[PDB]
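Undergrad: Compute the structure for the input listed below.
(6 chains)
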Amino acid sequence: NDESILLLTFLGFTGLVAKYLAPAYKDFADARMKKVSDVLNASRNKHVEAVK
Amino acid sequence: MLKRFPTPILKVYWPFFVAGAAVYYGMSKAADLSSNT
Amino acid sequence: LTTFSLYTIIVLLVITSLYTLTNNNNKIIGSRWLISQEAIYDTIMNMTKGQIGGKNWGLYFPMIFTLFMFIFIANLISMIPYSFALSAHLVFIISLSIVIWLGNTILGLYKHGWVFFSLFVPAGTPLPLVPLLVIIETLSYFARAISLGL
Amino acid sequence: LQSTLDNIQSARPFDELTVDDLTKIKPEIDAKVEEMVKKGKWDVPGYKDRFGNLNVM
Amino acid sequence: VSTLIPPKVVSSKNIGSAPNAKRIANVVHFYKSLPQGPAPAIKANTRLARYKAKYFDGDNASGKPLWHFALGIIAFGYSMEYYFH
Amino acid sequence: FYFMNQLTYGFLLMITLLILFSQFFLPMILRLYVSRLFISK
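TA: Residues are numbered from 1 along each chain as shown, chains lettered A, B, ... in the order given. Provided below are the atomic coordinates:
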């Protein structure tokens, strides 16, 4: 029907994204999270050393 | 969380807005003259 | 009521929420969901200060960060079983094209003004050859609207 | 120094501190941030010198 | 010339003007800091907020949090086609 | 026909986004980055 094939394909596209794009976006988020975490931790422990 | 900082678009984005107003007016006129619909 | 208001309602409800709700409590750490903006905005600013480099970078960079997302969000209605990005009509690009071109001519006319006749000839082709170069500069300015419009 | 370190060894909430509360802790943070974007420039000298900008992925 | 107080001149200037500025920034920074991640304020629920603090929350941030919008808009559009077509 | 039904009704968001995001959206990232710069100094 007019609005049926796209409806059935929506879950297929979503599963296709979940196959790669879900873990890919997870890895991209985690990498930046750890990078900013280290960037703030180094500044913190370096300000601690400056106070020292 | 949410604030409203002083974003200058009044004296910065005035020209584009004025041009867009002229465009909307031209569209209104063409809604009656050029397209006649 | 009206269907156009319902069409624009998705934008009116997403634009404020994706930044006032997707973030946890407006925290500086950059949430896992908030990593999306944390990656997008910086690349946006890279081009913004880049392509508009100079003192003209700060003139409208916020306008760029604004205008970029409007069309992208409006066209996001494409994968639904009855999907409609502006009801298959979408006269909106007409609004953003020629008006922006006239705004460029104004930036040449409001700030640059009478020097507006000193840009169409980038390199040479003086009075012995200026009209031919202007004949394609005019086409370029005219079609820059259609290049981003439709 | 001793008290500031005592307010450092366990009093640097680097994860769950409110972002805008930095302008509360730093009185010029709010003014300059309003000042920084106000004149029109949306960039600062090495605002992310130790951070990444990243593409979509 | 004769006796003086070479060390006692720490009155006229404290050691480390740049370290003093850094430490003064440090005092304001560390003092005006939360005890341990204080002031969270995560939960919220009022008509739409019950979805905002739940579906736009970063505990998951997976693909289904955006896909709820697609499912809902599909529910709306199917009725739209039914009332339209 | 249907010309004066989505022109202004669509460009309203375009006009409003300038006041909306600039004090609302980019303010968040700008203040966050500036504050992180403060911690960097």
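
Undergrad: So residue B:12: helix, strand or coil?
TA: Three-state secondary structure (criterion: DSSP: H, G, I helix; E, B strand; the rest coil) places residue B:12 in coil.

Undergrad: quick one: is stretch B:14-27 near chain C?
TA: Yes. Contact between stretch B:14-27 and chain C is present through B:15, B:16, B:18, B:19, B:20, B:22, B:23, B:24, B:27 (criterion: C-beta under 8 Å from any C-beta of the partner chain). Every C-beta, even on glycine, is put in place using the N, C-alpha and C of the backbone.

Undergrad: Go through that stretch and flag the buried ones.
TA: Judged by neighbour count (16 or more other C-beta atoms under 10 Å in any protein chain shown), stretch B:14-27 contains these buried residues: B:15, B:16, B:17, B:19, B:20, B:23, B:24, B:27.

Undergrad: tell me which of these is nearest to residue C:9?
TA: Set against residue C:9, the nearest of these by C-beta to C-beta is residue B:24 (21.5 Å).

Undergrad: residue contacts, that closest one?
TA: By C-beta atoms under 8 Å, 6 or more residues apart in numbering or on different chains, the residues touching residue B:24 are C:95, F:7, F:8, F:11.

Undergrad: quick check, it in a helix?
TA: Yes. Counting by three-state DSSP, residue B:24 falls inside a helix.

Undergrad: Could you check how far it is from residue F:28?
TA: Using C-beta to C-beta, to the nearest Å, one obtains 31 Å as the distance from residue B:24 to residue F:28.

Undergrad: Chain D: helices as residue ranges?
TA: Secondary structure of chain D (DSSP state H): helices located at D:2-6, D:21-25, D:27-38.

Undergrad: ranking the ones you listed by burial, who's on top?
TA: helix D:21-25 (a mean of 19; mean count of other C-beta atoms under 10 Å in any protein chain shown).

Undergrad: Check what contacts it and list those residues.
TA: Residues contacting helix D:21-25 (C-beta under 8 Å, 6+ apart): C:28, D:18, D:29-30, D:33, E:28-29, E:32-34, E:39, F:31, F:35, F:38-39.

Undergrad: Show me what from chain D comes close to chain F.
TA: By the criterion of C-beta under 8 Å from any C-beta, the positions of chain D lying close to chain F are D:19-20, D:22-23, D:26, D:29, D:32-33, D:36-37, D:42, D:44, D:46-51.

Undergrad: Can you show me the helices along chain C?
TA: Taking DSSP H as the criterion, chain C contains helices spanning C:3-20, C:35-51, C:57-74, C:92-106, C:130-148.

Undergrad: meant to ask about chain E
TA: Here chain E has its helices, by DSSP H, at E:17-31, E:49-55, E:64-84.

Undergrad: of those, which approaches residue C:17 most closely?
TA: In terms of C-beta to C-beta, the element of these nearest to residue C:17 is helix E:49-55, at 6.5 Å.

Undergrad: near chain C at all, that closest one?
TA: Yes. Interface with chain C: helix E:49-55 contributes E:52, E:53 (C-beta under 8 Å from any C-beta).

Undergrad: which secondary structure elements does that helix contact?
TA: Applying 3 or more C-beta pairs under 8 Å, 6 or more residues apart in numbering or on different chains; DSSP states H and E, one finds that helix E:49-55 contacts helix E:64-84.

Undergrad: coming back round to it: can I get the helices of chain C in CSV including distance to residue E:44 and mean neighbour count?
TA: Compiled in CSV, the helices of chain C are given as follows (distance: least, C-beta to C-beta, whole Å; neighbours: other C-beta atoms under 10 Å in any protein chain shown):
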stretch, distance to residue E:44, mean neighbour count
helix C:3-20, 11, 16
helix C:35-51, 20, 18
helix C:57-74, 24, 19
helix C:92-106, 33, 19
helix C:130-148, 39, 13
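
Undergrad: Which among the ones you listed is found nearest to residue F:18?
TA: The closest of the helices of chain C to residue F:18 is helix C:57-74. By C-beta to C-beta, the value is 5.6 Å.
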